[PDB]
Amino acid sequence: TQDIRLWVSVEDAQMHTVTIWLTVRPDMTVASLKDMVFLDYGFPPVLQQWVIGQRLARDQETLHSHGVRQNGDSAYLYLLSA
């Protein structure tokens, strides 16, 4: 499975929403998704909570298992703090 542009809404405890695009693979795990966000954006995996295909996403689950499949599919990232 090849590269997919993913439309992500990012929120935290308080703020405003912001939306970003990420490159993923449907066979990527959430753990790998989180590691990538850490590496690029500096958000510890531990403070990352994801909802994908209307369900909370766990570390060992693939994006595929949450129905990710095509460019413009969406996902939701919520950030805890300190």
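When you see a residue number, it is the position in the sequence shown, counting from 1.
Report the stretch with the higher mean CA temperature factor, choosing between 11-19 and 58-66 on the basis of the entry.
-> Between 58-66 and 11-19, it is 11-19 that shows the higher mean C-alpha B-factor.
Give the stretch, out of 22-30 and 46-54, with the larger mean C-alpha temperature factor in the deposited entry.
-> Taking the mean C-alpha B-factor of 22-30 and of 46-54, the larger value falls to 22-30.
According to the PDB entry, is the CA B factor of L6 in the bottom, middle or top third of its chain, that is, lowest, middle or highest?
-> Ranked within chain, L6 CA B lands in the middle tercile.
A82 CA temperature factor, ranked by third within the chain = According to the entry, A82 has a C-alpha B-factor in the chain's highest third.
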